[PDB]
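Asker: Sharing my_file.pdb, PDB, C-alpha atoms and all ligand atoms:
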ATOM      1  CA  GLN N   3      17.601  -8.760   9.972  1.00  0.00           C
ATOM      2  CA  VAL N   4      16.923  -5.295   8.507  1.00  0.00           C
ATOM      3  CA  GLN N   5      16.487  -2.241  10.750  1.00  0.00           C
ATOM      4  CA  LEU N   6      14.785   1.036   9.782  1.00  0.00           C
ATOM      5  CA  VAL N   7      14.952   4.279  11.732  1.00  0.00           C
ATOM      6  CA  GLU N   8      12.814   7.254  10.708  1.00  0.00           C
ATOM      7  CA  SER N   9      13.737  10.839  11.500  1.00  0.00           C
ATOM      8  CA  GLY N  10      12.692  14.300  10.333  1.00  0.00           C
ATOM      9  CA  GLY N  11       9.209  14.666  11.818  1.00  0.00           C
ATOM     10  CA  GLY N  12       8.156  17.962  13.314  1.00  0.00           C
ATOM     11  CA  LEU N  13       5.694  20.828  13.486  1.00  0.00           C
ATOM     12  CA  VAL N  14       5.160  22.828  10.296  1.00  0.00           C
ATOM     13  CA  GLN N  15       2.738  25.530   9.180  1.00  0.00           C
ATOM     14  CA  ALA N  16       0.159  25.104   6.393  1.00  0.00           C
ATOM     15  CA  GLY N  17       1.610  25.604   2.924  1.00  0.00           C
ATOM     16  CA  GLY N  18       5.192  24.918   4.038  1.00  0.00           C
ATOM     17  CA  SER N  19       7.481  21.991   3.425  1.00  0.00           C
ATOM     18  CA  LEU N  20       9.213  19.208   5.342  1.00  0.00           C
ATOM     19  CA  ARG N  21      11.539  16.336   4.364  1.00  0.00           C
ATOM     20  CA  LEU N  22      11.509  12.980   6.142  1.00  0.00           C
ATOM     21  CA  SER N  23      14.334  10.425   6.169  1.00  0.00           C
ATOM     22  CA  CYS N  24      14.745   6.753   6.944  1.00  0.00           C
ATOM     23  CA  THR N  25      18.070   5.010   7.433  1.00  0.00           C
ATOM     24  CA  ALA N  26      18.295   1.291   6.616  1.00  0.00           C
ATOM     25  CA  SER N  27      20.737  -1.127   8.211  1.00  0.00           C
ATOM     26  CA  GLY N  28      21.356  -4.855   7.998  1.00  0.00           C
ATOM     27  CA  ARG N  29      21.094  -6.934   4.797  1.00  0.00           C
ATOM     28  CA  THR N  30      19.877  -4.099   2.572  1.00  0.00           C
ATOM     29  CA  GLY N  31      20.797  -5.941  -0.587  1.00  0.00           C
ATOM     30  CA  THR N  32      17.649  -8.046  -0.087  1.00  0.00           C
ATOM     31  CA  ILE N  33      15.309  -5.036  -0.462  1.00  0.00           C
ATOM     32  CA  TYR N  34      13.405  -4.523  -3.684  1.00  0.00           C
ATOM     33  CA  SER N  35      11.377  -1.392  -2.787  1.00  0.00           C
ATOM     34  CA  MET N  36      10.616   1.046   0.062  1.00  0.00           C
ATOM     35  CA  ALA N  37       7.363   2.732   1.032  1.00  0.00           C
ATOM     36  CA  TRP N  38       6.078   5.419   3.407  1.00  0.00           C
ATOM     37  CA  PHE N  39       2.846   4.948   5.387  1.00  0.00           C
ATOM     38  CA  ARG N  40       1.064   7.272   7.763  1.00  0.00           C
ATOM     39  CA  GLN N  41      -1.422   6.839  10.612  1.00  0.00           C
ATOM     40  CA  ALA N  42      -3.463   9.837  11.695  1.00  0.00           C
ATOM     41  CA  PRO N  43      -4.844   9.862  15.267  1.00  0.00           C
ATOM     42  CA  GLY N  44      -7.638   7.316  15.630  1.00  0.00           C
ATOM     43  CA  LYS N  45      -7.418   6.339  11.940  1.00  0.00           C
ATOM     44  CA  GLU N  46      -5.755   3.361  10.260  1.00  0.00           C
ATOM     45  CA  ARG N  47      -2.374   3.043   8.539  1.00  0.00           C
ATOM     46  CA  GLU N  48      -2.451   4.478   4.995  1.00  0.00           C
ATOM     47  CA  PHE N  49      -0.097   3.611   2.125  1.00  0.00           C
ATOM     48  CA  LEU N  50       1.253   6.756   0.398  1.00  0.00           C
ATOM     49  CA  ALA N  51       4.171   6.188  -1.981  1.00  0.00           C
ATOM     50  CA  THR N  52       6.834   3.704  -3.054  1.00  0.00           C
ATOM     51  CA  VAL N  53      10.228   3.802  -4.840  1.00  0.00           C
ATOM     52  CA  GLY N  54      12.141   0.979  -6.523  1.00  0.00           C
ATOM     53  CA  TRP N  55      15.211   0.424  -4.328  1.00  0.00           C
ATOM     54  CA  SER N  56      17.391  -0.164  -7.397  1.00  0.00           C
ATOM     55  CA  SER N  57      15.208   1.458 -10.069  1.00  0.00           C
ATOM     56  CA  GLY N  58      14.353   4.831  -8.592  1.00  0.00           C
ATOM     57  CA  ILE N  59      10.975   4.679 -10.326  1.00  0.00           C
ATOM     58  CA  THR N  60       8.150   6.072  -8.251  1.00  0.00           C
ATOM     59  CA  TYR N  61       4.424   5.666  -7.633  1.00  0.00           C
ATOM     60  CA  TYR N  62       2.161   8.009  -5.696  1.00  0.00           C
ATOM     61  CA  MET N  63      -1.381   7.641  -4.389  1.00  0.00           C
ATOM     62  CA  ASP N  64      -3.664  10.454  -5.535  1.00  0.00           C
ATOM     63  CA  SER N  65      -3.873  11.933  -2.010  1.00  0.00           C
ATOM     64  CA  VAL N  66      -0.203  13.009  -2.048  1.00  0.00           C
ATOM     65  CA  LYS N  67       0.663  13.006  -5.765  1.00  0.00           C
ATOM     66  CA  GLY N  68       2.075  16.293  -7.053  1.00  0.00           C
ATOM     67  CA  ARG N  69       2.800  17.479  -3.475  1.00  0.00           C
ATOM     68  CA  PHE N  70       5.116  14.729  -2.124  1.00  0.00           C
ATOM     69  CA  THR N  71       8.250  13.292  -3.756  1.00  0.00           C
ATOM     70  CA  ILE N  72       9.827   9.971  -2.811  1.00  0.00           C
ATOM     71  CA  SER N  73      13.462   9.219  -3.589  1.00  0.00           C
ATOM     72  CA  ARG N  74      16.372   7.084  -2.423  1.00  0.00           C
ATOM     73  CA  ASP N  75      20.152   7.349  -2.015  1.00  0.00           C
ATOM     74  CA  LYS N  76      21.563   3.837  -2.398  1.00  0.00           C
ATOM     75  CA  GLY N  77      25.018   5.021  -1.366  1.00  0.00           C
ATOM     76  CA  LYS N  78      23.814   6.508   1.921  1.00  0.00           C
ATOM     77  CA  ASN N  79      21.189   3.790   2.589  1.00  0.00           C
ATOM     78  CA  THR N  80      18.416   6.337   2.921  1.00  0.00           C
ATOM     79  CA  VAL N  81      14.969   6.967   1.493  1.00  0.00           C
ATOM     80  CA  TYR N  82      13.323  10.385   1.621  1.00  0.00           C
ATOM     81  CA  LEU N  83       9.811  11.769   1.510  1.00  0.00           C
ATOM     82  CA  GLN N  84       9.862  15.404   0.396  1.00  0.00           C
ATOM     83  CA  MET N  85       6.515  16.874   1.533  1.00  0.00           C
ATOM     84  CA  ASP N  86       5.429  20.154  -0.167  1.00  0.00           C
ATOM     85  CA  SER N  87       2.283  22.277   0.260  1.00  0.00           C
ATOM     86  CA  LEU N  88       1.369  20.588   3.554  1.00  0.00           C
ATOM     87  CA  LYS N  89      -2.083  20.976   5.037  1.00  0.00           C
ATOM     88  CA  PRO N  90      -3.686  20.090   8.435  1.00  0.00           C
ATOM     89  CA  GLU N  91      -4.965  16.765   7.154  1.00  0.00           C
ATOM     90  CA  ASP N  92      -1.329  15.647   6.671  1.00  0.00           C
ATOM     91  CA  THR N  93      -0.955  15.490  10.514  1.00  0.00           C
ATOM     92  CA  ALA N  94       0.092  11.910  11.347  1.00  0.00           C
ATOM     93  CA  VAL N  95       2.699   9.413  12.531  1.00  0.00           C
ATOM     94  CA  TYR N  96       4.685   8.526   9.387  1.00  0.00           C
ATOM     95  CA  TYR N  97       6.260   5.075   9.008  1.00  0.00           C
ATOM     96  CA  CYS N  98       8.824   3.813   6.534  1.00  0.00           C
ATOM     97  CA  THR N  99       8.882   0.220   5.295  1.00  0.00           C
ATOM     98  CA  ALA N 100      10.881  -2.165   3.164  1.00  0.00           C
ATOM     99  CA  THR N 101       9.722  -5.127   1.097  1.00  0.00           C
ATOM    100  CA  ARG N 102      12.213  -7.906   0.422  1.00  0.00           C
ATOM    101  CA  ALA N 103      12.901  -9.389  -2.979  1.00  0.00           C
ATOM    102  CA  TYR N 104      10.480 -12.225  -3.877  1.00  0.00           C
ATOM    103  CA  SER N 105       8.570 -11.447  -0.697  1.00  0.00           C
ATOM    104  CA  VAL N 106       5.243  -9.587  -0.695  1.00  0.00           C
ATOM    105  CA  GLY N 107       3.803  -6.787   1.390  1.00  0.00           C
ATOM    106  CA  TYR N 108       5.740  -4.886   4.043  1.00  0.00           C
ATOM    107  CA  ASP N 109       8.299  -7.030   5.859  1.00  0.00           C
ATOM    108  CA  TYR N 110      10.086  -4.414   8.017  1.00  0.00           C
ATOM    109  CA  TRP N 111       8.862  -1.275   9.794  1.00  0.00           C
ATOM    110  CA  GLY N 112      10.384   1.646  11.621  1.00  0.00           C
ATOM    111  CA  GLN N 113       9.285   3.103  14.939  1.00  0.00           C
ATOM    112  CA  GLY N 114       7.451   5.961  13.234  1.00  0.00           C
ATOM    113  CA  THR N 115       7.994   9.722  13.238  1.00  0.00           C
ATOM    114  CA  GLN N 116       5.453  12.433  14.049  1.00  0.00           C
ATOM    115  CA  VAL N 117       4.430  15.199  11.624  1.00  0.00           C
ATOM    116  CA  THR N 118       2.144  18.019  12.745  1.00  0.00           C
ATOM    117  CA  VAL N 119       0.625  20.711  10.503  1.00  0.00           C
ATOM    118  CA  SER N 120      -1.253  23.749  11.743  1.00  0.00           C
ATOM    119  CA  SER N 121      -3.539  26.080   9.807  1.00  0.00           C
TER     120      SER N 121
ATOM    121  CA  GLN F   3      -1.487  -3.708 -21.218  1.00  0.00           C
ATOM    122  CA  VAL F   4      -3.679  -5.386 -18.548  1.00  0.00           C
ATOM    123  CA  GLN F   5      -7.421  -5.059 -17.836  1.00  0.00           C
ATOM    124  CA  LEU F   6      -9.060  -6.007 -14.522  1.00  0.00           C
ATOM    125  CA  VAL F   7     -12.759  -6.539 -13.769  1.00  0.00           C
ATOM    126  CA  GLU F   8     -14.131  -7.099 -10.267  1.00  0.00           C
ATOM    127  CA  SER F   9     -17.153  -9.084  -9.107  1.00  0.00           C
ATOM    128  CA  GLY F  10     -19.088 -10.112  -6.022  1.00  0.00           C
ATOM    129  CA  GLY F  11     -19.748  -7.696  -3.205  1.00  0.00           C
ATOM    130  CA  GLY F  12     -22.949  -6.071  -2.008  1.00  0.00           C
ATOM    131  CA  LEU F  13     -25.026  -5.749   1.166  1.00  0.00           C
ATOM    132  CA  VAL F  14     -24.166  -7.507   4.435  1.00  0.00           C
ATOM    133  CA  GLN F  15     -25.183  -7.382   8.095  1.00  0.00           C
ATOM    134  CA  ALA F  16     -22.920  -6.815  11.088  1.00  0.00           C
ATOM    135  CA  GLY F  17     -20.913  -9.951  11.845  1.00  0.00           C
ATOM    136  CA  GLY F  18     -21.402 -11.572   8.426  1.00  0.00           C
ATOM    137  CA  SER F  19     -19.171 -12.369   5.492  1.00  0.00           C
ATOM    138  CA  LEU F  20     -18.728 -11.543   1.813  1.00  0.00           C
ATOM    139  CA  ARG F  21     -16.557 -12.874  -1.028  1.00  0.00           C
ATOM    140  CA  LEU F  22     -15.049 -10.613  -3.692  1.00  0.00           C
ATOM    141  CA  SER F  23     -13.444 -11.589  -6.990  1.00  0.00           C
ATOM    142  CA  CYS F  24     -11.473 -10.096  -9.880  1.00  0.00           C
ATOM    143  CA  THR F  25     -10.351 -11.350 -13.297  1.00  0.00           C
ATOM    144  CA  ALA F  26      -7.277 -10.269 -15.274  1.00  0.00           C
ATOM    145  CA  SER F  27      -6.625 -10.206 -19.005  1.00  0.00           C
ATOM    146  CA  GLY F  28      -3.907  -9.031 -21.362  1.00  0.00           C
ATOM    147  CA  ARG F  29      -0.223  -9.384 -20.477  1.00  0.00           C
ATOM    148  CA  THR F  30      -1.046 -11.460 -17.414  1.00  0.00           C
ATOM    149  CA  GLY F  31       2.288 -13.272 -17.181  1.00  0.00           C
ATOM    150  CA  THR F  32       4.089 -10.013 -16.390  1.00  0.00           C
ATOM    151  CA  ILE F  33       2.085  -9.588 -13.166  1.00  0.00           C
ATOM    152  CA  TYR F  34       4.076  -9.933  -9.942  1.00  0.00           C
ATOM    153  CA  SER F  35       1.359  -9.320  -7.364  1.00  0.00           C
ATOM    154  CA  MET F  36      -2.229  -8.252  -6.831  1.00  0.00           C
ATOM    155  CA  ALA F  37      -3.761  -6.326  -3.947  1.00  0.00           C
ATOM    156  CA  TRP F  38      -7.050  -4.980  -2.588  1.00  0.00           C
ATOM    157  CA  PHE F  39      -7.716  -1.394  -1.469  1.00  0.00           C
ATOM    158  CA  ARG F  40     -10.841   0.272  -0.114  1.00  0.00           C
ATOM    159  CA  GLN F  41     -12.207   3.822  -0.348  1.00  0.00           C
ATOM    160  CA  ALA F  42     -15.089   5.063   1.788  1.00  0.00           C
ATOM    161  CA  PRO F  43     -17.051   8.155   0.684  1.00  0.00           C
ATOM    162  CA  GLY F  44     -14.812  11.219   0.688  1.00  0.00           C
ATOM    163  CA  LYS F  45     -11.842   9.353   2.168  1.00  0.00           C
ATOM    164  CA  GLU F  46      -8.619   8.169   0.575  1.00  0.00           C
ATOM    165  CA  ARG F  47      -7.855   4.767  -0.911  1.00  0.00           C
ATOM    166  CA  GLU F  48      -6.549   2.429   1.800  1.00  0.00           C
ATOM    167  CA  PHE F  49      -4.291  -0.567   1.097  1.00  0.00           C
ATOM    168  CA  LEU F  50      -5.591  -3.767   2.694  1.00  0.00           C
ATOM    169  CA  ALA F  51      -3.956  -7.043   1.604  1.00  0.00           C
ATOM    170  CA  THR F  52      -1.618  -8.509  -0.992  1.00  0.00           C
ATOM    171  CA  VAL F  53      -0.878 -11.870  -2.628  1.00  0.00           C
ATOM    172  CA  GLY F  54       2.016 -13.021  -4.802  1.00  0.00           C
ATOM    173  CA  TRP F  55       0.762 -13.892  -8.307  1.00  0.00           C
ATOM    174  CA  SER F  56       3.253 -16.756  -8.746  1.00  0.00           C
ATOM    175  CA  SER F  57       4.331 -17.390  -5.117  1.00  0.00           C
ATOM    176  CA  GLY F  58       1.090 -17.211  -3.119  1.00  0.00           C
ATOM    177  CA  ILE F  59       2.703 -15.388  -0.165  1.00  0.00           C
ATOM    178  CA  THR F  60       0.261 -13.011   1.577  1.00  0.00           C
ATOM    179  CA  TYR F  61       0.287 -10.116   4.063  1.00  0.00           C
ATOM    180  CA  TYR F  62      -2.366  -8.028   5.872  1.00  0.00           C
ATOM    181  CA  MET F  63      -2.758  -4.653   7.564  1.00  0.00           C
ATOM    182  CA  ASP F  64      -3.647  -4.962  11.246  1.00  0.00           C
ATOM    183  CA  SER F  65      -7.055  -3.483  10.379  1.00  0.00           C
ATOM    184  CA  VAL F  66      -8.177  -6.666   8.575  1.00  0.00           C
ATOM    185  CA  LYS F  67      -5.556  -9.227   9.666  1.00  0.00           C
ATOM    186  CA  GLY F  68      -7.276 -12.371  10.887  1.00  0.00           C
ATOM    187  CA  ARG F  69     -10.688 -11.412   9.547  1.00  0.00           C
ATOM    188  CA  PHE F  70     -10.020 -11.124   5.803  1.00  0.00           C
ATOM    189  CA  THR F  71      -8.349 -13.786   3.639  1.00  0.00           C
ATOM    190  CA  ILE F  72      -6.755 -13.090   0.218  1.00  0.00           C
ATOM    191  CA  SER F  73      -5.960 -15.807  -2.344  1.00  0.00           C
ATOM    192  CA  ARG F  74      -5.334 -16.377  -6.072  1.00  0.00           C
ATOM    193  CA  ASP F  75      -5.978 -19.007  -8.754  1.00  0.00           C
ATOM    194  CA  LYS F  76      -3.338 -18.420 -11.401  1.00  0.00           C
ATOM    195  CA  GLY F  77      -4.724 -20.541 -14.251  1.00  0.00           C
ATOM    196  CA  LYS F  78      -8.166 -18.918 -14.149  1.00  0.00           C
ATOM    197  CA  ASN F  79      -6.552 -15.443 -13.909  1.00  0.00           C
ATOM    198  CA  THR F  80      -8.611 -14.646 -10.822  1.00  0.00           C
ATOM    199  CA  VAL F  81      -7.956 -13.220  -7.364  1.00  0.00           C
ATOM    200  CA  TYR F  82     -10.350 -13.284  -4.405  1.00  0.00           C
ATOM    201  CA  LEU F  83     -10.792 -11.455  -1.098  1.00  0.00           C
ATOM    202  CA  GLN F  84     -12.712 -13.388   1.571  1.00  0.00           C
ATOM    203  CA  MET F  85     -14.024 -10.967   4.220  1.00  0.00           C
ATOM    204  CA  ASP F  86     -15.324 -12.580   7.424  1.00  0.00           C
ATOM    205  CA  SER F  87     -16.609 -11.001  10.656  1.00  0.00           C
ATOM    206  CA  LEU F  88     -17.667  -7.701   9.116  1.00  0.00           C
ATOM    207  CA  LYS F  89     -18.090  -4.412  11.007  1.00  0.00           C
ATOM    208  CA  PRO F  90     -19.795  -1.169   9.885  1.00  0.00           C
ATOM    209  CA  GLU F  91     -16.319   0.415   9.530  1.00  0.00           C
ATOM    210  CA  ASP F  92     -15.742  -1.823   6.460  1.00  0.00           C
ATOM    211  CA  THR F  93     -18.330  -0.026   4.329  1.00  0.00           C
ATOM    212  CA  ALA F  94     -16.461   1.241   1.225  1.00  0.00           C
ATOM    213  CA  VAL F  95     -15.817   0.741  -2.493  1.00  0.00           C
ATOM    214  CA  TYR F  96     -13.217  -2.028  -2.842  1.00  0.00           C
ATOM    215  CA  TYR F  97     -10.654  -1.918  -5.669  1.00  0.00           C
ATOM    216  CA  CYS F  98      -8.342  -4.625  -6.991  1.00  0.00           C
ATOM    217  CA  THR F  99      -4.950  -3.788  -8.476  1.00  0.00           C
ATOM    218  CA  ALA F 100      -2.096  -5.503 -10.269  1.00  0.00           C
ATOM    219  CA  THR F 101       1.625  -4.758  -9.985  1.00  0.00           C
ATOM    220  CA  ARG F 102       3.839  -5.492 -12.993  1.00  0.00           C
ATOM    221  CA  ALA F 103       7.175  -7.255 -12.562  1.00  0.00           C
ATOM    222  CA  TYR F 104      10.089  -4.779 -12.192  1.00  0.00           C
ATOM    223  CA  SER F 105       7.582  -1.988 -11.651  1.00  0.00           C
ATOM    224  CA  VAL F 106       6.461  -0.461  -8.347  1.00  0.00           C
ATOM    225  CA  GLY F 107       3.169   0.647  -6.942  1.00  0.00           C
ATOM    226  CA  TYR F 108      -0.188  -0.119  -8.484  1.00  0.00           C
ATOM    227  CA  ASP F 109      -0.112  -0.039 -12.274  1.00  0.00           C
ATOM    228  CA  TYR F 110      -3.572  -1.363 -13.203  1.00  0.00           C
ATOM    229  CA  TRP F 111      -6.913  -0.763 -11.502  1.00  0.00           C
ATOM    230  CA  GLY F 112     -10.352  -2.288 -11.626  1.00  0.00           C
ATOM    231  CA  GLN F 113     -13.447  -0.133 -11.614  1.00  0.00           C
ATOM    232  CA  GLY F 114     -14.412  -0.956  -8.001  1.00  0.00           C
ATOM    233  CA  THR F 115     -17.266  -2.712  -6.223  1.00  0.00           C
ATOM    234  CA  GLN F 116     -19.491  -1.673  -3.296  1.00  0.00           C
ATOM    235  CA  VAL F 117     -19.523  -3.248   0.184  1.00  0.00           C
ATOM    236  CA  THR F 118     -22.117  -2.057   2.703  1.00  0.00           C
ATOM    237  CA  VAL F 119     -22.282  -3.241   6.334  1.00  0.00           C
TER     238      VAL F 119
HETATM  239  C1  LIG A 201       6.869  -5.616  -8.046  1.00  0.00           C
HETATM  240  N1  LIG A 201       7.821  -6.524  -7.396  1.00  0.00           N
HETATM  241  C2  LIG A 201       8.699  -7.234  -8.234  1.00  0.00           C
HETATM  242  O1  LIG A 201       8.633  -7.129  -9.461  1.00  0.00           O
HETATM  243  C3  LIG A 201       9.619  -8.028  -7.506  1.00  0.00           C
HETATM  244  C4  LIG A 201       9.628  -8.078  -6.147  1.00  0.00           C
HETATM  245  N2  LIG A 201      10.594  -8.919  -5.681  1.00  0.00           N
HETATM  246  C5  LIG A 201      11.164  -9.378  -6.781  1.00  0.00           C
HETATM  247  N3  LIG A 201      10.619  -8.880  -7.918  1.00  0.00           N
HETATM  248  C6  LIG A 201      11.001  -9.215  -9.289  1.00  0.00           C
HETATM  249  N4  LIG A 201       8.745  -7.377  -5.385  1.00  0.00           N
HETATM  250  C7  LIG A 201       8.776  -7.441  -3.924  1.00  0.00           C
HETATM  251  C8  LIG A 201       7.801  -6.577  -6.006  1.00  0.00           C
HETATM  252  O2  LIG A 201       6.972  -5.970  -5.355  1.00  0.00           O
END
Can you dump the structure from the file as structure tokens?
Answerer:
Amino acid sequence: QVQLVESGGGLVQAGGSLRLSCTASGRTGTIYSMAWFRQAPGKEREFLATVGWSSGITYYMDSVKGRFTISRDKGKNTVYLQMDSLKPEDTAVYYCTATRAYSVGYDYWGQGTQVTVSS
Amino acid sequence: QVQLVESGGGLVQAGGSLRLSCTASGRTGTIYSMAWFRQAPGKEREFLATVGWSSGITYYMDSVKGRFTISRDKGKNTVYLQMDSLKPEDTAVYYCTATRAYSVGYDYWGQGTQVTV
């Protein structure tokens, strides 16, 4: 009942920047917060960052804090992940998620978008 | 505004099980949910499982879904993580967190506890 579609993934060079997007459709009024995950090849899905869907307050895991910036545009139904100072270990399939109000965890997921960083 | 302390954990053999625990104090009524993460040496903290502090709803990453079981006991201010069917890839320091109502992310953190398979 809520659909998420990531875009923005591509190949970038070390030290450069990329911005991901995720467009939400369906009953978006039932979403409390949005988060980006990533899954490197062979590894497991890693939580990165979250934004309050109506608050705009943010929280970052240490691995991306100070480099990445999460934000949301309620009017356009989109959440962003600004990625600065990328490095090879940021190479991964990035997923966006939404958590519903009074639910817990990560109720909806996108297909995933691929980010690749060279040296 | 909230302090967490974790307990349990230690040494286990392949295929076995462990039980972890964590106790909260302070402004405990303003806690919406609690979660468990894990960090292996040199790696990054990985989110594992979550439980609603009032509701009891739960959710798992595919990495531990089925094998681990999270739960809470609200009056004793204590959360647990029951880990069954353990593999060497579960070796890590496990951390418990709390998320405050109308906040996001992981606002309070325990000091961690060691699991070795
Ligand atoms: C932290 N938090 C809340 O505080 C919350 C919520 N849904 C409703 N509320 C109030 N969710 C999903 C949440 O994660």
Asker: Let me know the residues the PyMOL selection byres ((chain F) within 10 of (chain N)) catches in the file above, as a count of residues only.
Answerer: 32
Asker: Give the centre and edge lengths of an axis-aligned box, in Å to one decimal, that holds all listed atoms of ligand LIG 201 (chain A) with 3 Å on each side, as AutoDock Vina command-line options.
Answerer:
--center_x 9.0 --center_y -7.5 --center_z -6.7 --size_x 10.3 --size_y 9.8 --size_z 11.5
Asker: Which residues are close to stretch 90-96 of chain F, i.e. within 9 Å by all atoms listed in the file, leaving aside same-chain residues fewer than 6 positions away? Reply as a PDB file with C-alpha atoms, in the coordinates of the input.
Answerer:
ATOM      1  CA  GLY F  11     -19.748  -7.696  -3.205  1.00  0.00           C
ATOM      2  CA  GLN F  15     -25.183  -7.382   8.095  1.00  0.00           C
ATOM      3  CA  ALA F  16     -22.920  -6.815  11.088  1.00  0.00           C
ATOM      4  CA  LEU F  22     -15.049 -10.613  -3.692  1.00  0.00           C
ATOM      5  CA  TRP F  38      -7.050  -4.980  -2.588  1.00  0.00           C
ATOM      6  CA  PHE F  39      -7.716  -1.394  -1.469  1.00  0.00           C
ATOM      7  CA  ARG F  40     -10.841   0.272  -0.114  1.00  0.00           C
ATOM      8  CA  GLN F  41     -12.207   3.822  -0.348  1.00  0.00           C
ATOM      9  CA  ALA F  42     -15.089   5.063   1.788  1.00  0.00           C
ATOM     10  CA  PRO F  43     -17.051   8.155   0.684  1.00  0.00           C
ATOM     11  CA  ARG F  47      -7.855   4.767  -0.911  1.00  0.00           C
ATOM     12  CA  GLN F 113     -13.447  -0.133 -11.614  1.00  0.00           C
ATOM     13  CA  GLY F 114     -14.412  -0.956  -8.001  1.00  0.00           C
ATOM     14  CA  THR F 115     -17.266  -2.712  -6.223  1.00  0.00           C
ATOM     15  CA  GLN F 116     -19.491  -1.673  -3.296  1.00  0.00           C
ATOM     16  CA  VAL F 117     -19.523  -3.248   0.184  1.00  0.00           C
ATOM     17  CA  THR F 118     -22.117  -2.057   2.703  1.00  0.00           C
ATOM     18  CA  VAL F 119     -22.282  -3.241   6.334  1.00  0.00           C
TER      19      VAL F 119
END
Asker: Let me make sure I understand: among N:119, N:26, N:33, N:66, which one has the smallest atom-to-atom distance to ligand LIG 201 (chain A) if we use all atoms listed in the file?
Answerer: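 Distance minimum relative to ligand LIG 201 (chain A) lands on N:33.
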Asker: To one decimal place in Å, what is the distance between atom CA of residue N:32 and atom CA of residue N:6?
Answerer: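 Here the two named atoms are 13.7 Å from each other.
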Asker: Would you mind telling me which residue in F:24, F:98, F:7, F:33 lies nearest to ligand LIG 201 (chain A) when using only C-alpha atoms and all ligand atoms?
Answerer: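 Ranked by minimum distance to ligand LIG 201 (chain A), first place goes to F:33.
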Asker: Expand the PyMOL selection byres (((chain F and resi 18) around 8) and not hetatm) into the individual residues it matches in the shown file, reporting them as a ChimeraX atom specification.
Answerer: /F:14-17,19-20,86-88
Asker: So how far away is atom CA of residue N:102 from atom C5 of ligand LIG 201 (chain A), in Å?
Answerer: 7.4 Å
Asker: Do you know which residues are at most 8 Å from residue F:4 counting all atoms listed in the file, after dropping those on the same chain fewer than 6 positions away, and could you put them as a PyMOL selection string?
Answerer: chain F and resi 26-30+110
Asker: Please identify all polymer residues within 6 Å of residue N:7, counting only C-alpha atoms, omitting same-chain residues fewer than 6 positions from it, and present them as an mmCIF file with C-alpha atoms, keeping the file's coordinate frame.
Answerer:
data_model
loop_
_atom_site.group_PDB
_atom_site.id
_atom_site.type_symbol
_atom_site.label_atom_id
_atom_site.label_comp_id
_atom_site.auth_asym_id
_atom_site.auth_seq_id
_atom_site.Cartn_x
_atom_site.Cartn_y
_atom_site.Cartn_z
ATOM 1 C CA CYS N 24 14.745 6.753 6.944
ATOM 2 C CA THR N 25 18.070 5.010 7.433
ATOM 3 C CA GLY N 112 10.384 1.646 11.621
#
Asker: When the PyMOL selection byres (((chain N and resi 70) around 8) and not hetatm) is applied to the file above, which residues end up in the set, as a PDB file with C-alpha atoms, in the frame of the given file?
Answerer:
ATOM      1  CA  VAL N  66      -0.203  13.009  -2.048  1.00  0.00           C
ATOM      2  CA  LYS N  67       0.663  13.006  -5.765  1.00  0.00           C
ATOM      3  CA  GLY N  68       2.075  16.293  -7.053  1.00  0.00           C
ATOM      4  CA  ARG N  69       2.800  17.479  -3.475  1.00  0.00           C
ATOM      5  CA  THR N  71       8.250  13.292  -3.756  1.00  0.00           C
ATOM      6  CA  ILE N  72       9.827   9.971  -2.811  1.00  0.00           C
ATOM      7  CA  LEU N  83       9.811  11.769   1.510  1.00  0.00           C
ATOM      8  CA  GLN N  84       9.862  15.404   0.396  1.00  0.00           C
ATOM      9  CA  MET N  85       6.515  16.874   1.533  1.00  0.00           C
ATOM     10  CA  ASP N  86       5.429  20.154  -0.167  1.00  0.00           C
TER      11      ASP N  86
END
Asker: Which value, in Å to one decimal, gives the distance between atom CA of residue N:111 and atom CA of residue N:98?
Answerer: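 These atoms are spaced 6.0 Å apart.
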Asker: With distances taken over all atoms listed in the file, which of N:19, N:9, N:93, N:99 is nearest to residue N:118?
Answerer: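 Checking each of N:19, N:9, N:93, N:99 against residue N:118, counting all atoms listed in the file, the winner is N:93.
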Asker: List the spatial neighbours of residue N:15 as a list in words - criterion: any atom at most 9 Å away, only C-alpha atoms, same-chain residues fewer than 5 positions off excluded.
Answerer: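 In the requested format, the answer is residues 88, 89, 90, 118, 119, 120 and 121 of chain N.
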Asker: Point out the residue among N:74, N:117, N:31, N:82 with the least atom-to-atom distance to ligand LIG 201 (chain A), counting only C-alpha atoms and all ligand atoms.
Answerer: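 Comparing N:74, N:117, N:31, N:82 against ligand LIG 201 (chain A), the winner is N:31.
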